[PDB]
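J.:
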Amino acid sequence: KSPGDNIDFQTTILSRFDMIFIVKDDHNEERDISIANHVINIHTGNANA
Amino acid sequence: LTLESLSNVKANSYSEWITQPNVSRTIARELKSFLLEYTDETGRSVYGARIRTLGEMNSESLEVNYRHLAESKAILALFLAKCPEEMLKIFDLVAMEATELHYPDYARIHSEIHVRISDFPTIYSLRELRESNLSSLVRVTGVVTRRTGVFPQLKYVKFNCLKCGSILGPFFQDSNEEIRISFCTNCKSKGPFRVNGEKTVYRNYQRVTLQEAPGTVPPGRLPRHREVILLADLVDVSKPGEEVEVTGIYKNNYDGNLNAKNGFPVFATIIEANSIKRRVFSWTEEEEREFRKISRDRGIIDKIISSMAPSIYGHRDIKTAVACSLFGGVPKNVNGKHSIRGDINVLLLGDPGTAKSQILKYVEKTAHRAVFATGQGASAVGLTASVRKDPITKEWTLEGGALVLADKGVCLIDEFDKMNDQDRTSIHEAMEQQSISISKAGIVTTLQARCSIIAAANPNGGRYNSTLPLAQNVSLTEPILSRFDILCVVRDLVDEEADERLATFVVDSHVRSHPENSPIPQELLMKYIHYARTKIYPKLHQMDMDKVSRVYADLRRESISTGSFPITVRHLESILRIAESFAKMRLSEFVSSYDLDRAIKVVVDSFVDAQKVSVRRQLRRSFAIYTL
Ligand SMILES: Nc1ncnc2c1ncn2[C@@H]1O[C@H](COP(=O)(O)OP(=O)(O)OP(O)(O)=S)[C@@H](O)[C@H]1O
Ligand SMILES: [Mg+2]
Ligand SMILES: [Zn+2]
Numbered sequence: 534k535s536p537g538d539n540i541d542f543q544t545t546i547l548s549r550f551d552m553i554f555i556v557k558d559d560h561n562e563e564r565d566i567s568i569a570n571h572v573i574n575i576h577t578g579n580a581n582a
Numbered sequence: 181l182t183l184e185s186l187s188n189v190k191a192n193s194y195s196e197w198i199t200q201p202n203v204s205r206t207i208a209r210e211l212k213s214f215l216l217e218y219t220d221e222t223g224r225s226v227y228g229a230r231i232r233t234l235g236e237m238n239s240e241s242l243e244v245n246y247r248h249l250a251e252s253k254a255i256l257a258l259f260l261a262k263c264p265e266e267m268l269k270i271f272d273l274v275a276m277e278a279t280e281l282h283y284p285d286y287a288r289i290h291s292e293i294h295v296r297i298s299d300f301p302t303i304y305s306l307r308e309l310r311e312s313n314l315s316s317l318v319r320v321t322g323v324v325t326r327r328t329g330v331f332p333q334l335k336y337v338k339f340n341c342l343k344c345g346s347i348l349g350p351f352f353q354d355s356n357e358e359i360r361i362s363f364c365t366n367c368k369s370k371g372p373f374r375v376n377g378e379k380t381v382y383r384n385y386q387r388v389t390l391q392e393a394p395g396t397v398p399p400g401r402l403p404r405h406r407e408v409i410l411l412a413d414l415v416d417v418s419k420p421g422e423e424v425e426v427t428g429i430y431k432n433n434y435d436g437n438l439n440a441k442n443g444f445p446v447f448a449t450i451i452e453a454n455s456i457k458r459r473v474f475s476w477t478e479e480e481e482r483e484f485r486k487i488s489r490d491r492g493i494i495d496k497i498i499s500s501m502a503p504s505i506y507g508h509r510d511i512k513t514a515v516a517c518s519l520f521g522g523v524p525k526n527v528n529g530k531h532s533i534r535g536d537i538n539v540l541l542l543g544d545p546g547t548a549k550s551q552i553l554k555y556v557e558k559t560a561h562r563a564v565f566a567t568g569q570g571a572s573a574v575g576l577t578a579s580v581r582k583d584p585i586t587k588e589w590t591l592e593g594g595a596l597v598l599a600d601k602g603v604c605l606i607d608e609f610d611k612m613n614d615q616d617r618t619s620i621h622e623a624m625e626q627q628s629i630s631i632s633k634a635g636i637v638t639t640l641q642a643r644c645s646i647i648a649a650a651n652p653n654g655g656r657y658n659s660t661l662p663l664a665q666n667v668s669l670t671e672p673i674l675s676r677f678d679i680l681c682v683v684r685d686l687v688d689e690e691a692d693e694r695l696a697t698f699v700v701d702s703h704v705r706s707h708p709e710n756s757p758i759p760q761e762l763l764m765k766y767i768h769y770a771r772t773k774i775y776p777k778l779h780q781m782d783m784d785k786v787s788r789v790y791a792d793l794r795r796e797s798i799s800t801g802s803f804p805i806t807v808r809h810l811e812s813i814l815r816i817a818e819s820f821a822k823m824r825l826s827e828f829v830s831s832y833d834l835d836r837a838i839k840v841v842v843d844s845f846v847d848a849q850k851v852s853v854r855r856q857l858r859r860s861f862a863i864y865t866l
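As they're listed, the protein sequences go chains 5 and 2.
In this text, residue positions in the first sequence follow PDB author numbering: the first is 534, and each later residue adds one.
In terms of PDB author numbering, the second sequence is residues 181 to 459, 473 to 710, 756 to 866.
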């Protein structure tokens, strides 16, 4: 689908913004292992230190 | 005079008889003898122990049983029943002297001891108070509707004279009528005297409306209501909505020029409360040891699962979600910059007749700060913050709503589907920011709404359709559906054995309830939940990170392959939060591996059962290792 086909509004608001960011789910093991470890260190307290 | 001389009366009325100084001093002496010499033939003086207890607790309330006085001096009990006001004043003085017999410095601390008569025999409903009960002691039951704030009423009234500035002596304010002084005794003038509040002493005052309890009212009749005045020590005792029993003097409220609308010389009636009796999440030193003893059992958690809603049968995963929501995780804020929510939000989506409302009522009974609200209903606390002006009081008040009111607690929203737009927005903000921002009537602020939410909903069309996924069965949109940690879909599929056991359970519940006819006890369980919520705060350590990260990728790649709605990071956070909630039921300071496995089971079961049946068949076989 087009980027204006996924928005639930007109395409003029997209031109109205200064910087748009299309944020992805990369859907692979090498990234979500790192994300899972980051969140576990957040919950543990290592990331605070 | 003697007791037999007290039996005979000479004055026209009982009140004039007690008003005489000789009868008053005789009654004072007899009450002193009764208070100092009453024993229950067991060698102990209960009233001396009561005086010692009230002295050591620094309290102005003395509980005197009516049957003790009736057995001791029946004529004084009859005098108290007929003319309670001045005899209570006499026994106030007597009890004060009895207290000063033990503690000689108690007068400067209090200078007032209130005697509370308990176990009055005659029982009256509010619908049977009549002409004969005026200026007499009545014991009436009922439900408190609403109560006023605590106001200062003048007790020891002190004046000053405008002519000379001299400050006059203190005078006792009778509760019946206003007192006034006409002389100065310094400049000998009848000039305008003014009450100065800095040297005037006050008592507390409350006004409480009591209605007849709706269970006891005759069929066609409306519940009668009376108004009860609570004095200094009895203020803020009975909260509205509870059945209470008040003993007090039934008397007339005096008003100017009577009532012009009636055209008849009609007075209103009040009850000046003598005693209040109620017809608590405090753990003692033995209670915490009992909690530690019951926590060290290996199968404690399952017992809590078996303790959730005994009247509800067979919904074990729903009860597990209830236990997780009641105990809850721990909130956290790493470096102040990043906040992780620490309470489990449970959505019970079910067909009619799956007893979701009874589960909500059970949680309302069990939880500490539980607030019940609904979308379609009217006579309930709203979910939206507001600034409301009373039409009569003309006072602007800030209502935080059910979400702010359930802070550090649980909010139970029945009928989550037919909510309106403002309540949906309130729920969305209360789950995103855990706060509610108001800009109304010049008030711009934010209110903390750190509340767990246990919501109940009906699917679209009255049935869950397993062919369609969850989002198409519920009117709730994707962001509000994603905020729930446990997502219990319950459906009443036809199973013969399950139907037989359910029907047996319900019919047995009816036949136990007829008027002619291993679970933890509820009282222990409620304090256990409060204790585990308020003192445990579990924590997970670093060497378990290799398995949660493993199983996270294991669910994510399978969710990609199967093609359902994706597993995000929030499912991992829900795992880690449900683990911390399960660890609280063990009263454990750390998170164990079986704890994490049970949380993973809960999250996997909650994610699988909300799917299309094609997704269900693959996901059940792929995640068989984690469901076990
Ligand atoms: N599993 C069950 N165990 C015991 N009683 C049950 C069970 N399921 C239904 N009931 C009874 O059936 C009735 C259903 O009442 P509700 O709790 O109001 O049902 P509901 O789940 O709230 O569905 P609604 O009202 O359409 S939202 C009550 O009398 C329950 O006691
Ligand atoms: Mg219901
Ligand atoms: Zn004067």
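Heads up, the beta-carbon is just placed ideally off N, CA and C, and yes, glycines get one too.
Got a list of residues with beta-carbon closer than 6 Å to any non-hydrogen atom of ligand 3, in chain order?
T.: Here the residues come out as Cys341 (chain 2), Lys343 (chain 2), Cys344 (chain 2), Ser346 (chain 2), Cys364 (chain 2), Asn366 (chain 2), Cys367 (chain 2), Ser369 (chain 2).
J.: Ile606 (chain 2) and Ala571 (chain 2): beta carbons closer than 7 Å?
T.: Not a contact, by the Cβ cut-off of 7 Å.
J.: How many whole angstroms separate the CB atoms of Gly593 (chain 2) and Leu640 (chain 2), which I take to be in contact at a CB cut-off of 8 Å?
T.: Contact flag correct, Cβ pair sits at about 5 Å.
J.: For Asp565 (chain 5), would you say it is in contact with chain 2, using Cβ-to-Cβ distances shorter than 7 Å as the test?
T.: It does: the Cβ of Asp565 (chain 5) has a partner Cβ on chain 2 nearer than 7 Å.
J.: Distance check for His294 (chain 2) and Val574 (chain 2), CA to CA, integer angstroms please.
T.: Taking the straight line joining both Cα atoms gives about 38 Å.
J.: Between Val687 (chain 2) and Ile813 (chain 2), what straight-line distance do the alpha-carbon atoms span, to the nearest angstrom?
T.: Each residue's Cα considered, the two are about 32 Å apart.
J.: For ligand 1, I want to know if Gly546 (chain 2) counts as a neighbour, meaning its beta carbon is within less than 6 Å of at least one of the ligand's heavy atoms.
T.: Yes, the Cβ of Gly546 (chain 2) comes within 6 Å of a heavy atom of ligand 1.
J.: Quick check: the segment 273-293 of chain 2 against the segment 218-235 of chain 2, are at least 3 beta-carbon pairs closer than 8 Å?
T.: Result yes; three or more Cβ-Cβ pairs closer than 8 Å.
J.: What are the residues that DSSP puts in a beta bridge with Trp589 (chain 2)?
T.: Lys582 (chain 2), per the DSSP bridge assignment.
J.: For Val580 (chain 2) and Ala566 (chain 2), what's the separation of their Cα atoms in angstroms?
T.: Answer to the nearest angstrom: the Cα atoms are 18 Å apart.
J.: Less than 7 Å between the C-beta atoms of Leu390 (chain 2) and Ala453 (chain 2), yes or no?
T.: Cβ distance not < 7 Å, so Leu390 (chain 2) and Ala453 (chain 2) don't count as in contact.
J.: How far does the beta strand (DSSP E) with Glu423 (chain 2) in it extend, from its first residue to its last?
T.: First-last of the beta strand (DSSP E) with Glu423 (chain 2): 423-433.
J.: Does the separation of the CB atoms of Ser455 (chain 2) and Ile585 (chain 2) fall below 7 Å?
T.: Going by C-beta atoms, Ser455 (chain 2) is not nearer than 7 Å to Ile585 (chain 2).
J.: How about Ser550 (chain 2): is its Cβ closer than 6 Å to a heavy atom in ligand 2?
T.: Flag set: Cβ of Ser550 (chain 2) near ligand 2.
J.: Buried or exposed for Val572 (chain 5), going by 16 or more other Cβ atoms inside 10 Å?
T.: Buried, since its Cβ has 16 or more Cβ neighbours within 10 Å.
J.: If you reduce the DSSP assignment to three classes, tell me which class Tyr382 (chain 2) lands in.
T.: DSSP places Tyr382 (chain 2) in strand when its eight states are reduced to three.
J.: Can you confirm whether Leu242 (chain 2), when its beta carbon is compared against all beta carbons of chain 5, has any partner nearer than 7 Å?
T.: With 7 Å as the cut-off, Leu242 (chain 2) does not count as an interface residue toward chain 5.
J.: When you compare only the Cα positions, how much space is there between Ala821 (chain 2) and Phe542 (chain 5)?
T.: Taking the straight line joining both Cα atoms gives about 45 Å.
J.: Using a Cβ-Cβ cut-off of 7 Å (strictly less than) and excluding sequence neighbours within five positions of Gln856 (chain 2), which residues of its own chain qualify?
T.: Result list for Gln856 (chain 2): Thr800, in chain order.
J.: Under 8 Å Cβ-Cβ, which residues of chain 2 neighbour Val556 (chain 5)?
T.: Ordered by position in chain 2, no residue passes the 8 Å Cβ test against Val556 (chain 5), which lies about 12 Å from the chain.
J.: Is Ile505 (chain 2) near ligand 1 - that is, is its Cβ less than 6 Å away from at least one heavy atom of it?
T.: Correct: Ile505 (chain 2) has its Cβ closer than 6 Å to ligand 1.
J.: So, for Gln551 (chain 2): in the same chain, excluding its five sequence neighbours on each side, which residues have a beta-carbon less than 8 Å away from its beta-carbon?
T.: Answer for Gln551 (chain 2): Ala502, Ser504, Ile505, listed in chain order.
J.: May I have the straight-line CA-CA distance separating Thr477 (chain 2) from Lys777 (chain 2), to the nearest angstrom?
T.: Each residue's Cα considered, the two are about 26 Å apart.
J.: Which residue's Cα is closest to the Cα of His290 (chain 2): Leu234 (chain 2), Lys582 (chain 2), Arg694 (chain 2), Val841 (chain 2)?
T.: Minimum Cα distance to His290 (chain 2) is reached at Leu234 (chain 2).
J.: The segment 786-811 of chain 2: which residues have C-beta closer than 7 Å to a C-beta of chain 5, in chain order?
T.: Result list: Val786, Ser787, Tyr790, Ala791, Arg794, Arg795, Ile798, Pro804, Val807, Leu810, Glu811.
J.: Which ranges would you report for the beta strand (DSSP E) in the segment 675-700 of chain 2 if only whole runs of at least 3 residues count?
T.: As far as the segment 675-700 of chain 2 is concerned, its whole beta strand (DSSP E) runs of at least 3 residues are 679-683.
J.: So the candidates are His405 (chain 2), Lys262 (chain 2), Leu260 (chain 2); which of them puts its Cα closest to the Cα of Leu306 (chain 2)?
T.: Comparing Cα positions, the closest option is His405 (chain 2).
J.: What are the start and end residues of the alpha helix (DSSP H) that includes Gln856 (chain 2)?
T.: Where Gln856 (chain 2) is concerned, the enclosing alpha helix (DSSP H) stretches over 851-860.
J.: With a 10 Å radius around its C-beta and 16 neighbouring C-beta atoms as the bar for buried, classify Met267 (chain 2) as buried or exposed.
T.: Flag for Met267 (chain 2) reads buried.
J.: Can you list the alpha helix (DSSP H) stretches of 4 or more residues lying completely in the segment 502-575 of chain 2, in chain order?
T.: Within the segment 502-575 of chain 2, the complete alpha helix (DSSP H) runs of at least 4 residues are 509-520, 549-559.
J.: Would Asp299 (chain 2) pass as a contact of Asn245 (chain 2) if the rule is Cβ separation under 7 Å?
T.: Yes, the Cβ-Cβ distance between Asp299 (chain 2) and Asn245 (chain 2) is below 7 Å.
J.: Counting beta carbon pairs with one atom in the segment 697-706 of chain 2 and one in the segment 787-807 of chain 2, are three or more of them shorter than 8 Å?
T.: As far as the Cβ criterion goes, the segment 787-807 of chain 2 does not touch the segment 697-706 of chain 2, which means the pair count is below three.
J.: I'd like the span of the alpha helix (DSSP H) that includes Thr325 (chain 2), first residue to last.
T.: Here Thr325 (chain 2) belongs to no alpha helix (DSSP H); instead the beta strand (DSSP E) covers 316-327.
J.: Is the number of C-beta pairs between the segment 756-773 of chain 2 and the segment 481-492 of chain 2 that are closer than 8 Å three or more?
T.: Touching, yes, given that three or more Cβ pairs across the two stretches are closer than 8 Å.
J.: Mapping the DSSP letters down to three states, classify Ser632 (chain 2) as helix, strand or coil.
T.: Note: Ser632 (chain 2) maps to strand in three-state DSSP.
J.: Could you run through the segment 766-780 of chain 2 and flag, in chain order, every residue whose CB is less than 8 Å away from some CB of chain 5?
T.: Per Cβ criterion, the list reads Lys777, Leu778, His779, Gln780.
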